[PDB]
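**Student:** no sequence on hand, only this structure:
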RNA sequence: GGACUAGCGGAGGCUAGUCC
Ligand SMILES: [Zn+2]
Ligand SMILES: [Zn+2]
């Protein structure tokens, strides 16, 4: 238990850290970062991918 | 508060509902 919100995993939540699917940044082993899982630039995000569209 | 169901999210919170 502890953190029922974790149930979000029931929707193959996406890791906002690495940008994978199956775990969240919270449950992400990687350190708290902000590397666009699109271009690989640390600072911006996919939503604001200054490289290319967001799928 | 908890747990679910939902739902979205670059941030995981929020609410509702039911239960006490
Ligand atoms: Zn991750
Ligand atoms: Zn980018």
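**Tutor:** Done, it's in. Residues are numbered from 1 along each chain as shown, chains lettered A, B, ... in the order given. Ligands and ions are numbered 1, 2, ... in the order given.
**Student:** from now on I want contacts and neighbour counts done on CA atoms only, so please keep to that.
**Tutor:** Fine.
**Student:** can you give me the distance of the one residue in chain A that gets nearest to ligand 2 to RNA strand B?
**Tutor:** Here chain A gets closest to ligand 2 at one residue, residue A:49, 3.5 Å apart by C-alpha to the ion. Separation of residue A:49 from RNA strand B (C-alpha to the nearest atom of the strand, to the nearest Å) stands at 7 Å.
**Student:** residues in contact with that residue?
**Tutor:** The contact partners of residue A:49, by C-alpha atoms under 8 Å, 6 or more residues apart in numbering, come to A:36, A:38, A:39.
**Student:** count of neighbours near residue A:9?
**Tutor:** 13 (other C-alpha atoms under 10 Å).
**Student:** that one and residue A:26 touch, don't they?
**Tutor:** No - with contact defined as C-alpha atoms under 8 Å, residue A:9 does not count as touching residue A:26 (11.3 Å).
**Student:** re the thing from before, just among the contacts of residue A:49, which is most surrounded?
**Tutor:** Within the contacts of residue A:49, most neighbours by other C-alpha under 10 Å means residue A:36, with 22 neighbours.
**Student:** for the residue nearest to residue A:20 when sequence neighbours are not counted, list each beta-bridge partner.
**Tutor:** Nearest non-adjacent residue to residue A:20, counting by C-alpha to C-alpha, 6 or more residues apart in numbering: residue A:14, 5.4 Å away. Residue A:14 forms beta bridges with residue A:21, as assigned by DSSP bridges.
**Student:** list the contacts for the most centrally placed residue in chain A?
**Tutor:** Centroid check for chain A by C-alpha atoms, centre = their mean gives residue A:16 as the closest residue, at 1.3 Å. Residues in contact with residue A:16 (C-alpha under 8 Å, 6+ apart) are A:24, A:25.
**Student:** what separates it from ligand 1, distance-wise?
**Tutor:** 7 Å (C-alpha to the ion, to the nearest Å).
**Student:** list phi and psi for that residue.
**Tutor:** phi -80, psi 0 (degrees, to the nearest 10).
**Student:** does the residue nearest to residue A:20 touch residue A:27 like I think?
**Tutor:** No - if you go by C-alpha under 8 Å, residue A:14 and residue A:27 don't touch, sitting 10.6 Å apart.
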